[PDB]
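Have a look at the structure below before the remarks.
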Protein chains: 2
Amino acid sequence: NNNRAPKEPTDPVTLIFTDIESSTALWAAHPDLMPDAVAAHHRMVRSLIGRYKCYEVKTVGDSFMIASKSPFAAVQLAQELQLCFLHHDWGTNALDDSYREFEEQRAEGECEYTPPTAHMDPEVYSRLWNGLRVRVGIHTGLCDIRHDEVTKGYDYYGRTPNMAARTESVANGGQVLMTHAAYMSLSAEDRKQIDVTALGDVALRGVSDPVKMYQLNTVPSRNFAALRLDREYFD
Amino acid sequence: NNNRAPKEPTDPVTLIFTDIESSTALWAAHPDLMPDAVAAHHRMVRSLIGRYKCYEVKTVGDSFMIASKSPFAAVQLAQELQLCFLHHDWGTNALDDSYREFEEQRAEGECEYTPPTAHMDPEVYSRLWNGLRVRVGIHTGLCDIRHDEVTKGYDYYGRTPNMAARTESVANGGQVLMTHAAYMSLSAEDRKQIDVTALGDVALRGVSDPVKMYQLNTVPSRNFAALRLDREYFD
């Protein structure tokens, strides 16, 4: 369905990048659970890509690159991605136990770091966290648009996908960040339907000027540690 | 039976608000049918309040405020309220004719509006709709709990009843909305027993942040128009 691919160069494209946080460590600890968990992740993300009439550009591992002709549809997809992953029955508590242990250890080396979820009573934790924790970044801007390579699909190049991917790279698992560009691409009425928290400006590697980031609040009362300025970014 | 009243402040309370949609217009058109129809409505709702061990906080007109120590019991009550009202013999088609006429007229002033039920063949319509159409909202949260006023009963104050009532106010007749808070108050096993449709987030008057709403699917294949952002809310 190339019909949903943004194709007009003069119309800004909204790009969404996603990743499972700590995917290396999770595959090392749970090699018999990750194939099925990641396959479920892809089925849920792809169901949403179709629901919101977005376009899958490409997937590498568990990393998705998704384009949308509509900034609000992209924001709705990211919000529903966090909510259906929370609602999904993963059939194991092992992935939640691993994330919690990682936070407790991380609190040894970061003295400014306090585990956001590891010490939550199970009744509090389950209403807020469950299963794979996916980080998401969203940016909107003009793109250099191309068709195929050989795939018969569309791709996007330049500063716009670079910023979207660098924005996602500093997000925590379970957190959705939007640049100010994406936030102000939404109409005023669209903004009344979402809940954001300003995070200020973040210097991103490769990007000249610091970027003002907004946290999209999806799962209510979910909180996070500081942004992960120490990264990994798409390709 | 104050025994069923939620009384522990540290335990979240599940509140259910209900209303007959278009009650003014129905009493104006059918003053000789409404007393008996509304009395039957109250008998059915009260039968369910007892069946599900919930607590009637108060009723004003045809509006019920019901509290439950159990989120799943409240959801079961709302589902059974829609089903027994559909099954009840109202002894008249006049109320169904009025709702259908209202939809047809409403389609003149809302060009984005299509009647959901007015043009259904009678065999389709009767399996889905019959009699008074009750809107329901459900939310779960910590409440400011008090005893009496003089009534020797318990009441609930604060943000929790405010959100439950504002949530009900935007529902259509025949529709049950739950906030995400209520949905995630249910256990995972409880969620497998119900069928919900995400409706995104809705900005509610008086409430700071938009609220993510879920439609509880009760009567199978029943569909609705957009949420009624133009309201009326409890008191």
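Quick note on naming: the chains in the structure tokens go A, B, ... in the order shown, residues restart at 1 in each chain, and ligands are numbered from 1 in order of appearance.
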Exercise for the section: Please provide as a VMD selection string all residues within 12 Å of residue B:186, with the sequence filter that same-chain residues fewer than 2 positions apart are discarded (counting only C-alpha atoms). Expected result: (chain A and resid 87 123 126 to 127) or (chain B and resid 12 14 69 to 76 139 to 140 178 to 184 188 to 194)
Take the residues that were just selected and, keeping N, CA, C and O atoms, output them as a compact mmCIF listing (two decimals), in the first residue's frame.
# COMPACT_ATOMS: atom_id res chain seq x y z
N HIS A 87 -1.28 -3.41 27.54
CA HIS A 87 -2.44 -4.30 27.69
C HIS A 87 -2.20 -5.72 27.25
O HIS A 87 -2.85 -6.65 27.76
N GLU A 123 0.95 -3.89 42.56
CA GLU A 123 -0.36 -3.36 42.09
C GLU A 123 -0.13 -2.03 41.34
O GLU A 123 -0.72 -1.79 40.25
N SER A 126 1.94 -2.97 37.81
CA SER A 126 1.18 -3.55 36.69
C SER A 126 0.23 -2.59 36.00
O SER A 126 -0.08 -2.81 34.84
N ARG A 127 -0.18 -1.50 36.66
CA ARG A 127 -1.08 -0.57 35.98
C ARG A 127 -0.31 0.32 35.09
O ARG A 127 -0.91 1.01 34.25
N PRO B 12 -8.81 2.31 45.96
CA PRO B 12 -9.52 3.05 44.89
C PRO B 12 -11.00 2.58 44.84
O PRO B 12 -11.31 1.39 45.14
N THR B 14 -14.47 2.42 42.49
CA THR B 14 -14.95 2.43 41.08
C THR B 14 -16.33 3.07 41.11
O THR B 14 -17.18 2.65 41.93
N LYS B 69 -16.60 -1.64 45.40
CA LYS B 69 -15.24 -2.01 45.91
C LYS B 69 -14.46 -2.79 44.88
O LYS B 69 -13.26 -2.88 44.96
N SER B 70 -15.12 -3.27 43.82
CA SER B 70 -14.50 -4.11 42.79
C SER B 70 -14.64 -3.46 41.42
O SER B 70 -15.75 -3.25 40.97
N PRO B 71 -13.58 -3.26 40.70
CA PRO B 71 -13.71 -2.67 39.36
C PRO B 71 -14.44 -3.65 38.44
O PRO B 71 -15.29 -3.23 37.63
N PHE B 72 -14.18 -4.96 38.52
CA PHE B 72 -14.82 -5.92 37.58
C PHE B 72 -16.33 -5.99 37.88
O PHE B 72 -17.12 -6.10 36.92
N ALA B 73 -16.74 -5.88 39.14
CA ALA B 73 -18.16 -5.95 39.40
C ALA B 73 -18.85 -4.77 38.76
O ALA B 73 -19.98 -4.90 38.29
N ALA B 74 -18.23 -3.60 38.77
CA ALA B 74 -18.84 -2.42 38.19
C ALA B 74 -18.97 -2.62 36.67
O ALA B 74 -19.97 -2.21 36.04
N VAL B 75 -17.94 -3.16 36.01
CA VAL B 75 -17.98 -3.40 34.61
C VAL B 75 -19.05 -4.45 34.32
O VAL B 75 -19.83 -4.28 33.32
N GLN B 76 -19.15 -5.51 35.11
CA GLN B 76 -20.22 -6.48 34.87
C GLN B 76 -21.58 -5.89 35.04
O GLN B 76 -22.53 -6.21 34.24
N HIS B 139 -15.23 5.10 36.16
CA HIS B 139 -13.82 5.50 36.40
C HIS B 139 -13.46 4.91 37.75
O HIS B 139 -14.31 4.68 38.61
N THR B 140 -12.16 4.72 37.98
CA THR B 140 -11.66 4.14 39.25
C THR B 140 -10.58 5.05 39.77
O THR B 140 -9.72 5.46 38.99
N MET B 178 -15.34 3.69 29.74
CA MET B 178 -14.50 3.49 30.92
C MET B 178 -13.23 4.31 30.70
O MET B 178 -12.67 4.31 29.58
N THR B 179 -12.72 4.94 31.74
CA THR B 179 -11.42 5.60 31.56
C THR B 179 -10.34 4.52 31.53
O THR B 179 -10.54 3.38 31.96
N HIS B 180 -9.17 4.90 31.08
CA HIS B 180 -8.08 3.95 31.14
C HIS B 180 -7.80 3.54 32.56
O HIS B 180 -7.40 2.42 32.79
N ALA B 181 -7.95 4.42 33.54
CA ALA B 181 -7.75 4.06 34.91
C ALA B 181 -8.59 2.92 35.36
O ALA B 181 -8.13 1.97 35.96
N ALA B 182 -9.90 2.96 34.94
CA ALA B 182 -10.74 1.85 35.31
C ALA B 182 -10.30 0.58 34.57
O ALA B 182 -10.32 -0.51 35.15
N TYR B 183 -10.00 0.68 33.29
CA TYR B 183 -9.62 -0.50 32.49
C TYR B 183 -8.39 -1.15 33.09
O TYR B 183 -8.42 -2.37 33.32
N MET B 184 -7.37 -0.38 33.50
CA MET B 184 -6.19 -1.02 34.03
C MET B 184 -6.32 -1.36 35.52
O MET B 184 -5.40 -2.03 36.05
N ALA B 188 -5.52 -8.68 34.74
CA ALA B 188 -5.32 -9.19 33.39
C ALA B 188 -6.33 -10.26 32.99
O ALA B 188 -6.82 -10.29 31.86
N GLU B 189 -6.67 -11.12 33.98
CA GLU B 189 -7.63 -12.18 33.71
C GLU B 189 -9.02 -11.56 33.49
O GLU B 189 -9.77 -12.00 32.58
N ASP B 190 -9.34 -10.53 34.28
CA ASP B 190 -10.65 -9.81 34.14
C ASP B 190 -10.68 -9.20 32.71
O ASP B 190 -11.71 -9.25 32.02
N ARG B 191 -9.58 -8.59 32.24
CA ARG B 191 -9.61 -7.99 30.92
C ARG B 191 -9.84 -8.98 29.80
O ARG B 191 -10.29 -8.61 28.71
N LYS B 192 -9.42 -10.25 29.98
CA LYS B 192 -9.68 -11.23 28.95
C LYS B 192 -11.14 -11.56 28.80
O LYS B 192 -11.51 -12.12 27.76
N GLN B 193 -11.92 -11.23 29.82
CA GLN B 193 -13.35 -11.51 29.76
C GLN B 193 -14.18 -10.40 29.22
O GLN B 193 -15.42 -10.51 29.19
N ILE B 194 -13.59 -9.28 28.85
CA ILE B 194 -14.39 -8.19 28.30
C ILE B 194 -13.81 -7.84 26.93
O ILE B 194 -12.65 -8.15 26.64
Report as a compact mmCIF listing (two decimals) with N, CA and C atoms, in the first residue's frame all protein, DNA and RNA residues lying within 10 Å of residue A:88, evaluated on only C-alpha atoms, omitting residues in the same chain fewer than 2 positions from it.
# COMPACT_ATOMS: atom_id res chain seq x y z
N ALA A 40 5.33 -10.70 18.32
CA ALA A 40 4.06 -10.09 18.74
C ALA A 40 4.15 -8.56 18.62
N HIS A 41 5.33 -8.05 19.02
CA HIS A 41 5.60 -6.59 18.88
C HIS A 41 5.35 -6.16 17.45
N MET A 44 1.61 -6.12 16.55
CA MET A 44 0.88 -4.98 17.13
C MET A 44 1.26 -3.67 16.43
N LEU A 83 -0.05 2.00 24.83
CA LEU A 83 -1.20 1.40 25.49
C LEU A 83 -1.43 -0.07 25.10
N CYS A 84 -1.40 -0.46 23.83
CA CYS A 84 -1.64 -1.87 23.59
C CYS A 84 -0.48 -2.76 24.03
N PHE A 85 0.73 -2.23 24.02
CA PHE A 85 1.78 -3.07 24.59
C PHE A 85 1.56 -3.27 26.08
N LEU A 86 1.08 -2.25 26.81
CA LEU A 86 0.82 -2.39 28.24
C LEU A 86 -0.30 -3.42 28.45
N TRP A 90 1.90 -10.90 27.67
CA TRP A 90 3.20 -11.39 27.19
C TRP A 90 3.50 -12.82 27.62
N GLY A 91 2.67 -13.33 28.53
CA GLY A 91 2.82 -14.74 28.94
C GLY A 91 4.04 -15.02 29.77
N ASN A 130 4.46 -3.22 31.67
CA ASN A 130 4.26 -4.65 31.35
C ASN A 130 4.92 -4.97 30.01
N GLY A 131 5.83 -5.94 30.03
CA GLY A 131 6.43 -6.43 28.81
C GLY A 131 7.50 -5.57 28.18
N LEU A 132 7.69 -5.74 26.86
CA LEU A 132 8.76 -4.99 26.16
C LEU A 132 8.54 -3.48 26.30
N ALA B 188 -5.52 -8.68 34.74
CA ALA B 188 -5.32 -9.19 33.39
C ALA B 188 -6.33 -10.26 32.99
Practice task
Could you jot down the atom CA of residue A:231 to atom CA of residue A:204 separation for me, Å, one decimal place?
Solution key: 9.6 Å
Exercise for the section: Enumerate, as number ranges by chain, the complete set of residues in stretch 35-210 of chain A that a backbone-based DSSP assignment places in alpha helix (DSSP H). Expected result: A: 35-51, 71-87, 94-109, 122-128, 159-169, 180-185, 188-192
Handout entry: 7 Å contacts from chain B to chain A using only C-alpha atoms, as a list in words
Key =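 Using only C-alpha atoms, chain B residues at most 7 Å from chain A: residues 184, 185, 201, 202, 203, 209 and 210 of chain B.
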Output file for the residues above (N, CA and C atoms, as a PDB file, in the first residue's frame):
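Dumped to out_2.pdb:
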ATOM      1  N   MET B 184      -7.365  -0.378  33.504  1.00  0.00           N
ATOM      2  CA  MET B 184      -6.186  -1.019  34.029  1.00  0.00           C
ATOM      3  C   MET B 184      -6.323  -1.359  35.516  1.00  0.00           C
ATOM      4  N   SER B 185      -7.443  -1.011  36.186  1.00  0.00           N
ATOM      5  CA  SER B 185      -7.734  -1.439  37.570  1.00  0.00           C
ATOM      6  C   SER B 185      -8.180  -2.885  37.579  1.00  0.00           C
ATOM      7  N   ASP B 201      -8.144   9.801  23.233  1.00  0.00           N
ATOM      8  CA  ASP B 201      -8.214  10.734  24.403  1.00  0.00           C
ATOM      9  C   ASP B 201      -9.190  11.834  24.113  1.00  0.00           C
ATOM     10  N   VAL B 202      -9.933  12.220  25.138  1.00  0.00           N
ATOM     11  CA  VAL B 202     -10.976  13.208  25.047  1.00  0.00           C
ATOM     12  C   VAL B 202     -10.739  14.329  26.061  1.00  0.00           C
ATOM     13  N   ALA B 203     -10.722  15.582  25.575  1.00  0.00           N
ATOM     14  CA  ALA B 203     -10.621  16.696  26.492  1.00  0.00           C
ATOM     15  C   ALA B 203     -11.992  16.873  27.133  1.00  0.00           C
ATOM     16  N   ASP B 209      -6.119  17.402  32.069  1.00  0.00           N
ATOM     17  CA  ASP B 209      -5.521  16.624  30.990  1.00  0.00           C
ATOM     18  C   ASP B 209      -6.540  15.740  30.243  1.00  0.00           C
ATOM     19  N   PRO B 210      -6.375  15.554  28.946  1.00  0.00           N
ATOM     20  CA  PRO B 210      -7.321  14.711  28.182  1.00  0.00           C
ATOM     21  C   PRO B 210      -7.298  13.304  28.748  1.00  0.00           C
TER      22      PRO B 210
END
Exercise for the section: Tell me which protein, DNA and RNA residues are within 8 Å of residue B:170, counting only C-alpha atoms, leaving out same-chain ones fewer than 4 positions away, and put them as an NGL selection string. Expected result: :B and (166 or 227-231)
Practice task
Would you mind listing what lies within 6 Å of residue A:215 as a ChimeraX atom specification, with only C-alpha atoms counted and same-chain residues fewer than 2 positions away left out?
Solution key: /A:176-177,196-197
Problem - Interatomic distance (Å, one decimal) between atom CA of residue B:161 and atom CA of residue B:15 - result: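 Computing the Euclidean distance for atom CA of residue B:161 and atom CA of residue B:15 yields 6.6 Å.
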Handout entry: Close residues, residue B:60 itself excluded, 12 Å, only C-alpha atoms, min 5 positions apart in chain, as a PyMOL selection string
Key = chain B and resi 17-20+42+65-66+233-235
Problem - Counting only C-alpha atoms, the residue of B:211, B:164, B:199, B:33 that sits nearest residue B:93 - result: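 Among the listed residues, B:33 lies closest to residue B:93.
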Handout entry: 7 Å contact set for residue A:13, only C-alpha atoms, chain neighbours under 6 positions out, as a list in words
Key =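 The neighbour list is residues 6, 67, 68, 69, 140, 141, 142 and 143 of chain A.
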Convert the current residue selection to file output with C-alpha atoms, as an mmCIF file, in the first residue's frame.
data_model
loop_
_atom_site.group_PDB
_atom_site.id
_atom_site.type_symbol
_atom_site.label_atom_id
_atom_site.label_comp_id
_atom_site.auth_asym_id
_atom_site.auth_seq_id
_atom_site.Cartn_x
_atom_site.Cartn_y
_atom_site.Cartn_z
ATOM 1 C CA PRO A 6 3.990 10.602 1.929
ATOM 2 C CA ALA A 67 6.059 7.729 7.836
ATOM 3 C CA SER A 68 2.725 9.538 8.045
ATOM 4 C CA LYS A 69 1.031 12.229 5.875
ATOM 5 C CA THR A 140 7.924 16.456 11.316
ATOM 6 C CA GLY A 141 9.757 18.186 8.485
ATOM 7 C CA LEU A 142 10.467 18.437 4.792
ATOM 8 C CA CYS A 143 12.174 15.328 3.436
#
Practice task
Determine, counting only C-alpha atoms, which protein, DNA and RNA residues have an atom within 12 Å of an atom of residue B:153; residues of the same chain fewer than 6 positions away are not included. Present the result as a list in words.
Solution key: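 Skipping anything fewer than 6 positions along the chain leaves residues 1, 2, 3, 4, 5, 6, 7, 55, 56, 57, 58, 67, 145, 146 and 147 of chain B.
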Practice task
Taking the DSSP assignment computed from this structure's backbone, write out as number ranges by chain all residues of stretch 101-162 of chain A that belong to strand (DSSP E).
Solution key: A: 134-141, 144-147, 154-157
Residues from the last selection, N, CA, C and O atoms, saved as a PDB file, in the first residue's frame:
ATOM      1  N   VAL A 134       9.195   0.051  24.730  1.00  0.00           N
ATOM      2  CA  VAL A 134       9.580   0.556  23.387  1.00  0.00           C
ATOM      3  C   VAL A 134       9.745   2.068  23.540  1.00  0.00           C
ATOM      4  O   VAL A 134       8.910   2.760  24.135  1.00  0.00           O
ATOM      5  N   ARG A 135      10.923   2.529  23.060  1.00  0.00           N
ATOM      6  CA  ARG A 135      11.168   3.992  22.976  1.00  0.00           C
ATOM      7  C   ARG A 135      10.741   4.482  21.625  1.00  0.00           C
ATOM      8  O   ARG A 135      10.836   3.763  20.621  1.00  0.00           O
ATOM      9  N   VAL A 136      10.185   5.709  21.594  1.00  0.00           N
ATOM     10  CA  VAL A 136       9.654   6.257  20.337  1.00  0.00           C
ATOM     11  C   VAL A 136      10.063   7.715  20.193  1.00  0.00           C
ATOM     12  O   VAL A 136      10.013   8.487  21.205  1.00  0.00           O
ATOM     13  N   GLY A 137      10.430   8.067  18.955  1.00  0.00           N
ATOM     14  CA  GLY A 137      10.708   9.508  18.677  1.00  0.00           C
ATOM     15  C   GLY A 137       9.871   9.906  17.456  1.00  0.00           C
ATOM     16  O   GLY A 137       9.760   9.120  16.480  1.00  0.00           O
ATOM     17  N   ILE A 138       9.415  11.156  17.469  1.00  0.00           N
ATOM     18  CA  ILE A 138       8.567  11.664  16.401  1.00  0.00           C
ATOM     19  C   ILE A 138       9.037  13.053  15.988  1.00  0.00           C
ATOM     20  O   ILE A 138       9.373  13.871  16.878  1.00  0.00           O
ATOM     21  N   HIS A 139       9.226  13.248  14.671  1.00  0.00           N
ATOM     22  CA  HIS A 139       9.598  14.622  14.229  1.00  0.00           C
ATOM     23  C   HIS A 139       8.856  14.825  12.920  1.00  0.00           C
ATOM     24  O   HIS A 139       8.531  13.893  12.194  1.00  0.00           O
ATOM     25  N   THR A 140       8.647  16.099  12.562  1.00  0.00           N
ATOM     26  CA  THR A 140       7.924  16.456  11.316  1.00  0.00           C
ATOM     27  C   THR A 140       8.769  17.454  10.574  1.00  0.00           C
ATOM     28  O   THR A 140       9.271  18.391  11.194  1.00  0.00           O
ATOM     29  N   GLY A 141       8.974  17.202   9.289  1.00  0.00           N
ATOM     30  CA  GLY A 141       9.757  18.186   8.485  1.00  0.00           C
ATOM     31  C   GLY A 141       9.775  17.788   7.025  1.00  0.00           C
ATOM     32  O   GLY A 141       9.364  16.732   6.644  1.00  0.00           O
ATOM     33  N   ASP A 144      13.671  14.601   1.740  1.00  0.00           N
ATOM     34  CA  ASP A 144      14.123  14.233   0.377  1.00  0.00           C
ATOM     35  C   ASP A 144      13.493  12.838   0.229  1.00  0.00           C
ATOM     36  O   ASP A 144      13.788  11.882   0.979  1.00  0.00           O
ATOM     37  N   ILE A 145      12.485  12.761  -0.629  1.00  0.00           N
ATOM     38  CA  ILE A 145      11.702  11.596  -0.848  1.00  0.00           C
ATOM     39  C   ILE A 145      12.155  10.873  -2.124  1.00  0.00           C
ATOM     40  O   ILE A 145      12.275  11.534  -3.165  1.00  0.00           O
ATOM     41  N   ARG A 146      12.303   9.547  -2.062  1.00  0.00           N
ATOM     42  CA  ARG A 146      12.725   8.705  -3.191  1.00  0.00           C
ATOM     43  C   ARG A 146      11.945   7.436  -3.304  1.00  0.00           C
ATOM     44  O   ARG A 146      11.534   6.849  -2.306  1.00  0.00           O
ATOM     45  N   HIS A 147      11.831   6.924  -4.523  1.00  0.00           N
ATOM     46  CA  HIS A 147      11.109   5.704  -4.674  1.00  0.00           C
ATOM     47  C   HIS A 147      12.091   4.656  -5.070  1.00  0.00           C
ATOM     48  O   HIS A 147      13.037   4.946  -5.791  1.00  0.00           O
ATOM     49  N   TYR A 154       8.801   3.581  -0.843  1.00  0.00           N
ATOM     50  CA  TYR A 154       9.361   4.894  -0.671  1.00  0.00           C
ATOM     51  C   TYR A 154      10.253   5.035   0.555  1.00  0.00           C
ATOM     52  O   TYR A 154      10.067   4.346   1.514  1.00  0.00           O
ATOM     53  N   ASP A 155      11.253   5.871   0.452  1.00  0.00           N
ATOM     54  CA  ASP A 155      12.184   6.158   1.531  1.00  0.00           C
ATOM     55  C   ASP A 155      12.395   7.642   1.689  1.00  0.00           C
ATOM     56  O   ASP A 155      12.084   8.458   0.789  1.00  0.00           O
ATOM     57  N   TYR A 156      12.970   8.004   2.828  1.00  0.00           N
ATOM     58  CA  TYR A 156      13.119   9.392   3.213  1.00  0.00           C
ATOM     59  C   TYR A 156      14.470   9.676   3.706  1.00  0.00           C
ATOM     60  O   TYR A 156      14.937   8.956   4.575  1.00  0.00           O
ATOM     61  N   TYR A 157      15.050  10.778   3.216  1.00  0.00           N
ATOM     62  CA  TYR A 157      16.419  11.157   3.515  1.00  0.00           C
ATOM     63  C   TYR A 157      16.625  12.555   3.995  1.00  0.00           C
ATOM     64  O   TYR A 157      15.846  13.457   3.740  1.00  0.00           O
TER      65      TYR A 157
END
Problem - Counting only C-alpha atoms, the option among B:27, B:64, B:52, B:113 closest to residue B:98 - result: B:27
Practice task
Grab the atom CA of residue A:158 to atom CA of residue A:9 distance for me, in Å with one decimal place.
Solution key: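 Pair atom CA of residue A:158 / atom CA of residue A:9 returns 12.3 Å.
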